[PDB]
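Below is one structure, written out as structure tokens, with a few remarks after it.
2 protein chains.
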Amino acid sequence: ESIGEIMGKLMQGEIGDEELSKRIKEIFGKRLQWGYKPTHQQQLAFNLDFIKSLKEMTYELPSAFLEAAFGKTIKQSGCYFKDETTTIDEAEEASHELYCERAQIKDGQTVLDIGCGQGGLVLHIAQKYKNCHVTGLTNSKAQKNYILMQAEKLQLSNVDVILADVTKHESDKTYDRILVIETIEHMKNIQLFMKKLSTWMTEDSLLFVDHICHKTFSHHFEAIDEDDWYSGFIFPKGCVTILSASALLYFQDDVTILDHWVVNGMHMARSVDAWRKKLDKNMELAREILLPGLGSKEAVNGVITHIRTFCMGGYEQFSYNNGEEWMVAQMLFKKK
Amino acid sequence: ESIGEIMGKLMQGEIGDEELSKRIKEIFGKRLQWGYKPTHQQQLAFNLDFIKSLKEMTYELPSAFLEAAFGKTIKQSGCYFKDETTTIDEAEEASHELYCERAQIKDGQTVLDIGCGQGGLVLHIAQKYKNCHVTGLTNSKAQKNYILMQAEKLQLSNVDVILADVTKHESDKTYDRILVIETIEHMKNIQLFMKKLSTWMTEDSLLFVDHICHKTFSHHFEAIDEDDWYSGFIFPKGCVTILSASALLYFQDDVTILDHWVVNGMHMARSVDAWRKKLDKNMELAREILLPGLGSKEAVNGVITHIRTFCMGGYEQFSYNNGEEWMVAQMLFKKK
Ligand SMILES: C[S@@+](CC[C@H](N)C(=O)[O-])C[C@H]1O[C@@H](n2cnc3c(N)ncnc32)[C@H](O)[C@@H]1O
Ligand SMILES: C[S@@+](CC[C@H](N)C(=O)[O-])C[C@H]1O[C@@H](n2cnc3c(N)ncnc32)[C@H](O)[C@@H]1O
Ligand SMILES: COc1ccc(C[C@H]2c3cc(O)c(OC)cc3CCN2C)cc1O
Ligand SMILES: COc1ccc(C[C@H]2c3cc(O)c(OC)cc3CCN2C)cc1O
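Chains as they are written, first to last, in PDB author numbering: chain A, 11 to 67, 80 to 358; chain A', 11 to 67, 80 to 358. A prime marks a further copy of an entry chain.
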């Protein structure tokens, strides 16, 4: 059975959830076999090769659809679930709190959020710390517009948004706190990225980075073999890197580490599960929202299949071995 | 059975090798239980606590005895064994070569070897690279005297030795290459140590560090519980730290990492095994050498028991799980 066959049945909804989960789990199993080496000597050789390799390197979903699929603040990153009964809305808030603690946010600081998405964290900080000035940076005009609208509705006067590709953005402005939440995965050139960030810091600044990781090894999000239909379906563009939990320790040319944590993968698994369940509940509504801007019911079904499969696959990835394979890494840095 | 009882029988040579090895292996087993955490979240918490804690912090054996126990150049660090039949002399040379490769030694460079011991590496570099100037730094007058004598005998004109406590040594001199071979384990204040080293480097310099490690966690070389008679016998002074293989990644305030390796622990195990076997072979000779400077046969037996037990214990430590627990870590750095 080829890619085309599985992809065919997937699109027609002919693959049940049990079989889909089983197939994706097997794909991730093969990645683990690829990544784990027999000795620490070999493991480090493998990891350092990856790190050395790094040092050499328009359609948007309507907001109404996003609101039907994601939690209240449309957080598009791993959330934090205290209980089995924690709702996605509660888990978003808990994550926001966690970032504020770990990044040592204090009232009165200037804060920059890089790749701020729909601006949940920006809005959280602005509301909690009235004397902070909070800037979001996004490459999406739609996202900028959404954040500014929300700030107006929430009577916030301390929010601004920079519309820019961060890799091209030039400014002399510095910030007390820089946050990068699950954005570094998309960065083509990390050494340059960290260098740029350092130029936006003073001696008093802190930088907080959160990224999806594997505990042991790094990998690009791409197919190992021909049997992997999943990786290329989800990200048809080789633009996602999954760093090991310790990978950023090797990128301290321009910044110095102060603290380092990981969050168990079950939190991410619970996040994607919540999105999948919410999308399922609002399926009829979702199809109606998407139809105008997509043109055909066939195109709508395609977009929905893609998002739903992402969630099903994410569940298998992050829940693997009770969250002890793929997880989230967090680091705090100061400037050199 | 108390410490005193086991220590009593040990001194009398009433504990056979099989029982001694078994007892020491069990002590190391308990360290592994102490060090390994159930989740990566907990593991990182444990490791970061250790790293944070660090950031807050006359009798010498005759040379004739050392020559009877150690290899030709009296290397007192892990050696590298290609074959099962590799001799300690061959393994010393192989290690020296390995350091020269990894530290990127080139003819004409100024080289500083910190805690140079009996100067095997200093002499190796001086002989192989005639245009290099090589400086050893040691806190031992006896060691300085030995190195200078050997340099004279080998017709080397490119060797000097600094007699200093490295933690107190002040100089404006800089070096193209700084080597630290199994000396950092003895350093009370590592952050300060690395800072000092950086002041002895230029933008063109490289720093190479080699240290005994555990792959996963850090620990002081000391007793966990009352059942551990071994740790305090070997090092009656809490002056030895076993860093994790990645611990130095968190000490990049003043230097930046370029490469990182580990060497499997079986090499160290083979090293201590070779020393133990050589001491055993030259036992009668060793006792005769030690007698003058120690005063009594009882004092001689004590010193020999201590060294022999160190080797027996080292074997159990480094061979644990086929060398995949305790091993040797190596790192290459440049200056900020
Ligand atoms: C996975 S989302 C995480 C969003 C947000 N931090 C959150 O936690 O919900 C990463 C974001 O980075 C943005 N992004 C990617 N590449 C970018 C670039 N070069 N410049 C600016 N933003 C970028 C994407 O548009 C996306 O919204
Ligand atoms: C374990 S030996 C390794 C010796 C040598 N590098 C080798 O590979 O054989 C570490 C050496 O560091 C020396 N040392 C320890 N503390 C020192 C200090 N504060 N200043 C200078 N040397 C020191 C010890 O005397 C010892 O010879
Ligand atoms: C469709 O839009 C998205 C919505 C939510 C996410 C969550 C998360 C994430 C989750 C995954 O499981 C994954 O696969 C390894 C990749 C990524 C990329 C980084 N990102 C923060 C990513 C998106 O692209
Ligand atoms: C008696 O003099 C010594 C001779 C040889 C060594 C080898 C090695 C080493 C080997 C071990 O197995 C060990 O225990 C964990 C500690 C150490 C300290 C660092 N050092 C480089 C150390 C000595 O102190």
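Note that the Cβ used here is the ideal one computed from N, Cα and C, for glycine as well.
Quiz item: Between 297/A, 335/A, 279/A and 137/A, which lies nearest to residue 38/A when the distance is taken from Cα to Cα?
Solution: 335/A
Quiz item: What's the C-alpha gap between residue 272/A and residue 201/A'?
Solution: 20 Å
Quiz item: Can you find a heavy atom of ligand 3 that lies under 7 Å from the Cβ of residue 336/A?
Solution: yes
Quiz item: Would you say residue 347/A' and residue 236/A' are within 8 Å of each other, going by their C-beta atoms?
Solution: yes
Quiz item: If you measure from the beta carbon of residue 153/A' to each beta carbon in chain A, is any gap under 8 Å?
Solution: no
Quiz item: What is the DSSP secondary structure of residue 254/A, counted as helix, strand or coil?
Solution: helix
Quiz item: Are the C-beta of residue 279/A and some C-beta of chain A' separated by less than 8 Å?
Solution: yes
Practice problem: Taking a Cβ distance cut-off of 8 Å, strictly less, list which residues of the segment 226-251 of chain A are near chain A', in chain order. | Solution: 237
Quiz item: Looking at C-alpha atoms only, which residue of 267/A', 234/A', 248/A' and 300/A' is the closest neighbour of residue 99/A'?
Solution: 234/A'
Practice problem: With DSSP as the reference, label residue 196/A' as helix, strand or coil. | Solution: coil
Self-check item: Extent of the continuous alpha helix (DSSP H) to which residue 288/A' belongs
Solution: 288-303
Quiz item: What is the rounded straight-line gap between the Cα of residue 169/A and the Cα of residue 133/A?
Solution: 15 Å
Quiz prompt | Distance cut-off 7 Å: residue 115/A' Cβ against heavy atoms of ligand 2 | solution = no
Quiz item: Just the Cα atoms here: how many angstroms apart are residue 356/A and residue 207/A?
Solution: 20 Å
Exercise. Output yes if chain A places a C-beta closer than 8 Å to the C-beta of residue 289/A'; else output no.
Key: no
Quiz item: For residue 283/A', which residues in chain A fall below 9 Å Cβ to Cβ?
Solution: 51, 54, 55 and 58
Self-check item: Span separating the alpha-carbon of residue 82/A from that of residue 294/A
Solution: 20 Å
Exercise. Can you tell me which of the three DSSP states residue 215/A falls into?
Key: helix
Exercise. Work out the CA separation of residue 291/A' and residue 338/A' for me, nearest whole Å.
Key: 8 Å
Self-check item: Closer than 8 Å to chain A by CB, residue 267/A'
Solution: yes
Quiz item: Roughly how many whole angstroms lie between the Cα atoms of residue 238/A and residue 58/A?
Solution: 12 Å
Quiz item: In this structure, does DSSP put residue 186/A in helix, strand or coil?
Solution: coil
Quiz item: Helix, strand or coil for residue 44/A' per DSSP?
Solution: helix
Practice problem: Can you tell me the Cβ-Cβ gap for residue 325/A' and residue 313/A', rounded? I've got them flagged as a contact below 8 Å. | Solution: That belief does not hold up - the Cβ atoms of residue 325/A' and residue 313/A' are roughly 10 Å apart, past 8 Å.
Practice problem: Would you check if the segment 301-309 of chain A and the segment 21-39 of chain A' touch, i.e. whether three or more CB-CB distances between them fall below 8 Å? | Solution: no
Self-check item: Any 3 or more C-beta pairs closer than 8 Å across the segment 103-115 of chain A and the segment 174-191 of chain A
Solution: no
Quiz item: In chain order, what residues of the same chain lie with their CB nearer than 7 Å to the CB of residue 186/A', ignoring the 5 residues before and after it?
Solution: 159 and 161
Quiz item: Hey, would you say the C-beta of residue 132/A is under 7 Å away from at least one heavy atom of ligand 1?
Solution: no
Quiz item: What is the C-beta distance between residue 205/A' and residue 256/A', in whole angstroms, given that I count them as a contact (C-beta under 8 Å)?
Solution: Wrong, their Cβ atoms sit about 18 Å apart, outside the cutoff.
Quiz prompt | Partner residues on chain A' for residue 346/A, Cβ-Cβ distance less than 8 Å | solution = 49 and 50
Quiz item: For a contact meaning CB atoms closer than 9 Å, what does residue 46/A' contact in chain A?
Solution: Those within 9 Å of residue 46/A' in chain A number zero; the least Cβ separation is about 13 Å.
Quiz item: Smallest Cα separation from residue 101/A: which of 118/A, 90/A, 88/A and 135/A?
Solution: 118/A
Self-check item: Cutoff 8 Å: residue 216/A' Cβ touching any chain A Cβ
Solution: no
Quiz item: If you measure from the beta carbon of residue 349/A' to each beta carbon in chain A, is any gap under 8 Å?
Solution: yes
Quiz prompt | Limits of the unbroken beta strand (DSSP E) element including residue 158/A' | solution = 155-160
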